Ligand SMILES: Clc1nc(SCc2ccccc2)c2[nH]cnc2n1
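What follows is a single chain, given as structure tokens, in the form deposited without the ligand.
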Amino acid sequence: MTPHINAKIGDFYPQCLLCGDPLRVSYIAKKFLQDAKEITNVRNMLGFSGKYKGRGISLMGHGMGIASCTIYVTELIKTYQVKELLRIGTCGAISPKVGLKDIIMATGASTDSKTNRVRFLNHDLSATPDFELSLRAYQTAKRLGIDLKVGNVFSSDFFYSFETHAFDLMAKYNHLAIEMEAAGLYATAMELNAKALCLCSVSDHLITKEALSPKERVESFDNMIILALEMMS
């Protein structure tokens, strides 16, 4: 249908989990969904529709960076009528308020991108999630015993940053971690009147430098997946 998704109209459920890595999307479909069908694979960016506890759920990869995320989110909403979009992924922690295995809920997404200035009159758009989705994540995390850390993330155009000197100031201003898409997901969902939320798993701390083991990374990812799937049930 679109240049970036070759799903049929109606192949997506109204609730979609998102992740930058299509191989992690494939992992979720294989391990946690029943009767998962691969509904799109343009550019090797996979998406699925399947069932979780008898409920329809879609998954979609969106690549790295705001520009990539924006393309997929725009088509999911405008063409495939996706209504709720829940991004899960990893991040680099920068605040002493979080450590390994923590799950962050981004109630705002700051950015060094110019995309929101281009969208929003050259002013400051405060990119935020849908509040109802954030309430649902908080309530589901509590039911599951997850100690959800809530604050801003900083969405960067740079994985190899030229501004590492600024990470301390970012953390002072309640930015818990750096990632690369949340500001784009949030601004696109605001633009198109859809519900979006970003959860981040702390696998690595950019300041204190601790990393999770390959085992621990699978453990903490599964914990975030279950949280996400449970709030969409």
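Shifts are known only where both forms have a C-alpha. Whichever C-alpha set is largest while still superposing within 1.5 Å between the two forms counts as the rigid core. Start at 1 and count along the sequence shown; that's the residue number.
One more form of this protein, solved in complex with the ligand, exists but is not displayed; see below.
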query: Which of 131-139, 97-105, 113-121, 155-163 has heavy atoms within 4.5 Å of the ligand in the deposited bound form?
result: 155-163
message: Just checking whether residue 82 would be counted as a contact of the ligand in the deposited bound form - the rule being heavy atoms within 4.5 angstroms.
response: no
Partner contact for residue 91 in the deposited bound form: the ligand, 4.5 angstroms, heavy atom: yes
message: Considering non-hydrogen atoms and a 4.5 Å limit, does the ligand approach residue 33 in the deposited bound form?
response: no
task: Would you check, heavy atoms only and a 4.5 Å threshold, whether residue 206 touches the ligand in the deposited bound form?
output: yes
- prompt: Just one of 171, 39, 178, 196 has a heavy atom within 4.5 angstroms of the ligand in the deposited bound form, so which one?
  reply: 178
statement: Per-residue Cα shift of 2 Å or more between the shown form and the other one after core superposition, grouped into runs of 3+, gives 210-220
